Amino acid sequence: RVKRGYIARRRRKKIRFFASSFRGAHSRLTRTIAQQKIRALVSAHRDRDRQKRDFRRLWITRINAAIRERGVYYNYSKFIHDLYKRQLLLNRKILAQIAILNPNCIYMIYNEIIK
Amino acid sequence: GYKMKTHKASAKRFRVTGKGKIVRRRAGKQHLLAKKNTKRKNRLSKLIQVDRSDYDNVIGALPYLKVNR
Amino acid sequence: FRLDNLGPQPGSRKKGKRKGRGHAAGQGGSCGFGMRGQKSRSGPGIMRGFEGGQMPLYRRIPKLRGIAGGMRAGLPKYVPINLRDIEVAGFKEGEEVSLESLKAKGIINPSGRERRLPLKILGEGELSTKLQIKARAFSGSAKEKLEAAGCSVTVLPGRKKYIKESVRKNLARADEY
RNA sequence: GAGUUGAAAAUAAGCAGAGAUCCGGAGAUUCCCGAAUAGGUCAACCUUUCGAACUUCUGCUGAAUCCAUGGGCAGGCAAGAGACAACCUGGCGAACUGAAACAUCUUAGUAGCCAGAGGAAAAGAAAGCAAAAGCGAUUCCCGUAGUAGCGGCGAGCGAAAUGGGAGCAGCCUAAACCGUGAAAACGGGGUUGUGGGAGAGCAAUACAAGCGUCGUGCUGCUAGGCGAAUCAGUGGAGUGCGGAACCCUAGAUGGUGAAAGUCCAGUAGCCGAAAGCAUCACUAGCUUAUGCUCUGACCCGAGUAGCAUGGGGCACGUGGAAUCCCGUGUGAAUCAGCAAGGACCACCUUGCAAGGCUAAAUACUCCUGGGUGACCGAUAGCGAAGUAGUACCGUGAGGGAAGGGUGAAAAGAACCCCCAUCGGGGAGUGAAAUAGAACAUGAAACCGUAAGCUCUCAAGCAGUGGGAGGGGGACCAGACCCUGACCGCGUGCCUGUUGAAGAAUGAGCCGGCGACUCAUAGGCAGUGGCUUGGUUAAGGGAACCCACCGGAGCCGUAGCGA
RNA sequence: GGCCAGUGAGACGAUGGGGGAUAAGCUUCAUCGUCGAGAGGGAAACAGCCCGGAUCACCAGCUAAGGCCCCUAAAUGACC
RNA sequence: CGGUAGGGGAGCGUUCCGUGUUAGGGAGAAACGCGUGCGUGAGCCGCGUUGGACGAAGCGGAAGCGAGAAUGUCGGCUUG
Numbered sequence: 248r249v250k251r252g253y254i255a256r257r258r259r260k261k262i263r264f265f266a267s268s269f270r271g272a273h274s275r276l277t278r279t280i281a282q283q284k285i286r287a288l289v290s291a292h293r294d295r296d297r298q299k300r301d302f303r304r305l306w307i308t309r310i311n312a313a314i315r316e317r318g319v320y321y322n323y324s325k326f327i328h329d330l331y332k333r334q335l336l337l338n339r340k341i342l343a344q345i346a347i348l349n350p351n352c353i354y355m356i357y358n359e360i361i362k
Numbered sequence: 164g165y166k167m168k169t170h171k172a173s174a175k176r177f178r179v180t181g182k183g184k185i186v187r188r189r190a191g192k193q194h195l196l197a198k199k200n201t202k203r204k205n206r207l208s209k210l211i212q213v214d215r216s217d218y219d220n221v222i223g224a225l226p227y228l229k230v231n232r
Numbered sequence: 023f024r025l026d027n028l029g030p031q032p033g034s035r036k037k038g039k040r041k042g043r044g045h046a047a048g049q050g051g052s053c054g055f056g057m058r059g060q061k062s063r064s065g066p067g068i069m070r071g072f073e074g075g076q077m078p079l080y081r082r083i084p085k086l087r088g089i090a091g092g093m094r095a096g097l098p099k100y101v102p103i104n105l106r107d108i109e110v111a112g113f114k115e116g117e118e119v120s121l122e123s124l125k126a127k128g129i130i131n132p133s134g135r136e137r138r139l140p141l142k143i144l145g146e147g148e149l150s151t152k153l154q155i156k157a158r159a160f161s162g163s164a165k166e167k168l169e170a171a172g173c174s175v176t177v178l179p180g181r182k183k184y185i186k187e188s189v190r191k192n193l194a195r196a197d198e199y
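Here it is in structure tokens:
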């Protein structure tokens with residue numbers, strides 16, 4: 248009742264096709280194709296949570312570098328002082344996006360934070 | 164085919180009592196009886212239930228005797 | 023019903039769990055036997071009733087009494103039949119009660135001993151309908167029930183023992199009124 | 001009834017419609033070795049007075065020894081030797097193991113070794129079971145029953161009787177008695193059991209059955225024979241598809257370029273044996289043979305049973321240890337008796353040891369002939385799909401591989417060129433030549449070549465998130481795929497540990513093979529079927545499964561106590 | 001209770017002690033926390049220390065422990 | 001709604017079998033390779049100038065049923 252099969256080769260060929268552009272025996276050699284599928288997926292996990300964290304960090308330092316161009320000592324903390332006292336609910340650090348896509352509009356943002 | 168064999172060394176020690184519970188004779192009776200008390204010698208003269216641990220151990224080691232639980 | 027559309031009910035046939043076919047299946051790897059020991063190794067393993075070198079459960083307990091002596095165990099010598107087996111039966115007012123009546127009616131189904139233990143009628147339960155019993159001997163309370171019902175009661179002498187002629191002579195000498 | 005001289009083509013000669021080749025029955029030959037056999041032998045050879053040597057049978061002559069015995073000579077189609085996978089019987093007969101050690105025990109009277117023998121063998125016709133009721137040789141199956149027991153009462157071992165089926169079959173011999181002979185024998189009689197037989201006397205005749213070279217009988221087998229019913233179109237080929245018809249007592253199977261009720265071989269059915277074998281039924285014939293009365297004399301298997309010991313085996317390990325068989329030694333009775341009924345005694349019941357032979361049910365496959373397969377498909381299935389127990393290894397015992405598939409048909413490439421070949425390119429065959437003899441689908445590791453992007457100030461389990469620059473096709477042109485300037489982050493996988501990136505283990509890589517499975521039981525859970533309680537086992541069955549029987553048994557109905 | 005598993009080598013940290021030399025990431029106990037079986041953040045890295053308990057997605061916001069010169073997110077913030 | 005040893009529930013796949021001489025298939029089945037598709041995933045479905053004859057689904061059953069480990073093992077091919 249012999250049971251020679253082919254399902255390991257489709258099982259294995261799917262993982263073989265996912266492991267393209269892995270520079271060498273991480274892209275050809277099955278017994279490393281498996282663990283590069285595995286380590287590639289957990290790399291996708293931690294780099295996804297830390298792409299949320301990392302783009303948060305990037306917008307913080309980008310709008311900090313935008314506000315510090317005034318010359319007078321107005322930090323990023325004081326922009327949030329007078330960004331929540333003057334009631335602006337949650338611009339979500341997308342003013343770090345229109346701070347470079349619309350620099351006159353972020354000058355209107357900050358020049359209305361002053362008043 | 165192969166029938167299971169009743170373990171004779173425990174069939175001579177354990178017994179079912181109609182409702183289906185293993186009873187047993189207490190130990191320490193056929194040896195050094197003057198040294199004990201009559202209170203002990205009729206405490207150790209009665210047949211009691213076996214406790215649940217060795218009520219579920221020998222229930223599969225003595226298969227043909229109709230014990231529930 | 024066609025050959026196509028037949029299917030068992032759910033819960034009737036579970037799938038047998040296969041062991042060592044993946045850790046997502048449930049019992050992969052060591053197949054559900056821990057790490058090491060006699061429980062994981064292949065073979066007969068452990069005798070059931072063995073306490074690991076300790077003197078076991080059965081050896082520390084003294085033997086049951088007649089089984090300790092090798093005396094022949096207590097054995098039923100009759101068929102115990104209550105009157106509750108007789109009222110619930112469909113025996114009407116005119117009916118004989120014997121071995122083949124209780125076999126052919128559906129009360130007793132004796133198979134292992136058709137030859138040795140005849141019958142006995144016991145006391146618990148009532149018997150209002152009168153009958154004509156020619157069976158084997160009775161208890162005192164069942165004799166009170168059956169004679170309290172006004173039914174024909176007849177004991178049946180089964181077998182006659184062989185008495186030696188000097189024992190039959192010594193017993194026949196004892197007839198001194 | 002039409003072509004043949006094997007695979008296995010070619011060539012040379014034949015043999016054959018007064019019937020070849022081939023098939024079947026019965027015969028003939030069968031060199032040499034091997035029981036091997038005239039003698040030797042280092043098997044397939046040597047020497048030979050050419051021989052079945054030796055044992056057994058028959059016959060003659062007949063030593064020490066008179067009869068004998070031994071020997072010698074001779075005859076003999078002449079009985080045995082040797083081989084045989086498994087089952088069977090008989091004898092020697094373990095140990096690893098289990099008991100969580102180990103000696104009693106178990107494994108186990110199993111394996112192995114030797115001997116023997118048949119399709120079966122052993123056993124087998126009551127000196128038996130049983131229990132006051134009864135059965136009637138042995139064997140096997142279901143059951144009792146994992147019960148009674150046995151056992152460092154440990155591990156374990158484990159009946160038997162009652163019951164239900166398969167299959168049935170019972171017969172010869174010794175003794176007492178007559179007759180012949182110095183016994184030893186021979187011929188008649190008798191072989192049985194709620195007793196017979198011998199001795200004496202009275203009756204009485206034929207019913208039934210058993211055995212069997214011999215040949216007419218029957219069916220079956222070993223060769224075979226007749227045997228129904230369609231074309232056309234389709235991309236190589238049609239049996240598939242679409243259109244038109246038919247057979248069926250035949251639609252099982254195998255093949256045919258491709259899958260077939262109608263193409264072939266066949267099948268269903270009907271037939272057929274000179275010769276041999278087998279099945280039961282005839283036959284010249286041999287045989288079995290009968291009943292009563294009296295009679296305790298005479299007989300009913302002797303170095304035997306029993307006993308004292310030493311044991312073995314019955315499930316029973318020496319225990320109260322019976323039954324059965326042996327070693328040493330003692331050593332009975334005949335029926336008014338003896339043996340058994342689990343020490344033993346008394347009574348009763350049962351049977352008649354010390355003499356043999358028997359078919360069936362039954363177990364197995366080196367096989368043979370049919371039919372099958374939720375069996376395999378070239379690492380599988382037999383070790384073996386070719387030289388397979390082969391090549392090869394070992395002195396030897398012994399160990400032991402691997403290698404399948406071009407096409408439908410070799411139609412296997414005429415001829416030209418390179419050229420010493422091997423090979424290659426045209427051409428030709430083919431549906432396919434990228435199906436070319438390393439030849440069918442051809443995947444991964446591995447080795448390459450071409451195209452796009454990109455690396456030579458760079459530290460990295462080689463990824464991933466973001467994405468500079470660039471390339472490609474595009475249609476939902478914002479999308480998709482490929483490359484990757486640079487930044488952040490990220491201590492291979494398994495095993496297994498308190499703790500593994502670990503400098504603990506494992507793996508060179510790729511692909512296959514490779515592990516909680518099977519039988520029978522106990523327990524529980526889930527789904528059912530009946531609850532006029534449930535359910536059958538063995539066994540019977542249109543080959544198997546199966547409808548339907550088959551109530552034996554099992555479980556639950558009553559417990560307590562040793 | 002029924003059926004049915006593993007586990008029975010623990011480790012460190014605080015307290016209570018014994019052995020030691022109040023020496024050990026030492027040994028043995030008693031209560032507790034973590035790891036084991038726990039990811040993330042802080043601890044430069046780093047099982048057991050602090051915050052904290054990961055179903056998953058978001059190029060969302062507010063915080064705990066801890067930090068706000070640069071590498072590296074946020075104060076070269078204010079006053080003693 | 002983290003999870004090791006472990007326990008339970010629900011499913012995918014493979015070859016064979018019933019339906020099955022099934023639907024479909026030299027107008028290209030299985031294979032092998034492919035995806036701008038769908039799933040929690042095991043996987044399904046679809047496309048192939050490769051290949052050439054078998055064989056789905058659904059409703060069910062049975063396993064020599066699923067591979068990355070055994071200094072596994074058998075072939076092929078590397079490194080040096």
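Residue numbers (our numbering), protein chains in the order written: chain A, 248 to 362; chain B, 164 to 232; chain C, 23 to 199.
A virtual CB, placed ideally from N, CA and C, is assigned to each residue, including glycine.
Which residues, in chain order, does the stretch 175–191 of chain B contribute to contact with chain C at a C-beta distance below 7 Å? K175, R176, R178, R187, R188 and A190
Enclosing beta strand (DSSP E) for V249/A [first to last residue]: Position 2 of the first sequence, counted from the start, is the residue given in the question as residue 249/A. No beta strand (DSSP E) holds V249/A; DSSP gives it neither H nor E.
What residue does the alpha helix (DSSP H) around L348/A start on, and which one ends it? Position 101 of the first sequence holds residue 348/A. Looking at the DSSP string, the run of the alpha helix (DSSP H) that includes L348/A is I345 to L348.
Chain-ordered neighbours of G223/B on chain C, where CB pairs are closer than 7 Å: For the purposes of this step, residue 223/B is identified with residue 60 of the second sequence, where counting begins at 1. The answer, in chain order, is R70.
Using only the alpha-carbon positions, how far apart do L228/B and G71/C sit? The residue given as residue 228/B occupies position 65 in the second sequence. The residue given as residue 71/C occupies position 49 in the third sequence. So the alpha carbons of these two residues sit roughly 16 Å apart.
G54/C and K36/C: beta carbons closer than 8 Å? One-based indexing of the third sequence puts residue 54/C at position 32. One-based indexing of the third sequence puts residue 36/C at position 14. Against a cut-off of 8 Å, the Cβ pair of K36/C and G54/C comes out as no contact.
Between which two residues does the beta strand (DSSP E) containing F177/B stretch? For the purposes of this step, residue 177/B is identified with residue 14 of the second sequence, where counting begins at 1. First-last of the beta strand (DSSP E) with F177/B: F177 to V179.
Is it buried or exposed for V319/A, if we count other Cβ within 10 angstroms and need 16 for buried? For the purposes of this step, residue 319/A is taken as residue 72 along the first sequence, with counting starting at 1. Label assigned to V319/A: exposed.
Spell out the partners DSSP gives residue 247/B in its beta bridges. Residue 247/B lies beyond the stretch modelled for chain B, which goes from 164 to 232, so this question has no answer here.
For the structure I just gave you, are there three or more beta carbon pairs, one from the stretch 132–145 of chain C and one from the stretch 161–179 of chain C, closer than 8 Å? yes
To the nearest whole angstrom, what separates the beta carbons of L97/C and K175/B, a pair I think is in contact under 8 Å? If you number the third sequence from 1, residue 97/C lands on position 75. If you number the second sequence from 1, residue 175/B lands on position 12. Actually they are not in contact, since the Cβ atoms of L97/C and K175/B sit about 17 Å apart, beyond 8 Å.
Does the distance from the C-beta atom of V221/B to that of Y80/C stay below 8 Å? The count along the second sequence starts at 1 and reaches residue 221/B at position 58. The count along the third sequence starts at 1 and reaches residue 80/C at position 58. Against a cut-off of 8 Å, the Cβ pair of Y80/C and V221/B comes out as a contact.
If the cut is a Cβ gap below 7 Å, which residues of chain B does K61/C touch? In the third sequence, counting from the first residue as 1, residue 61/C sits at position 39. Neighbours of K61/C on chain B: none; closest Cβ ~16 Å, over 7 Å.
Can you give me the start and stop residues for the alpha helix (DSSP H) that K125/C sits inside? Indexing the third sequence from 1 puts residue 125/C at position 103. Element bounds for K125/C: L121 to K127.
Residue-level contact to chain B via CB, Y80/C, 8 Å cutoff: In the third sequence, the residue the question calls residue 80/C occupies position 58. Interface residue, yes.
Grouping DSSP H, G and I as helix and E and B as strand, with all else coil, what is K142/C? To locate residue 142/C, count along the third sequence from 1; it is residue 120. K142/C falls in the strand class under three-state DSSP.
Rounded straight-line distance, which links the Cα of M69/C to that of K250/A: As a first step, residue 250/A must be located in the first sequence, where it is residue number 3. As a first step, residue 69/C must be located in the third sequence, where it is residue number 47. Distance between the alpha carbons of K250/A and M69/C is about 37 Å.
To the nearest angstrom, report how far apart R232/B and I155/C are at their CA atoms. Reading the second sequence from its first residue, position 69 is the one you call residue 232/B. Reading the third sequence from its first residue, position 133 is the one you call residue 155/C. Cα-Cα distance, rounded: 41 Å.
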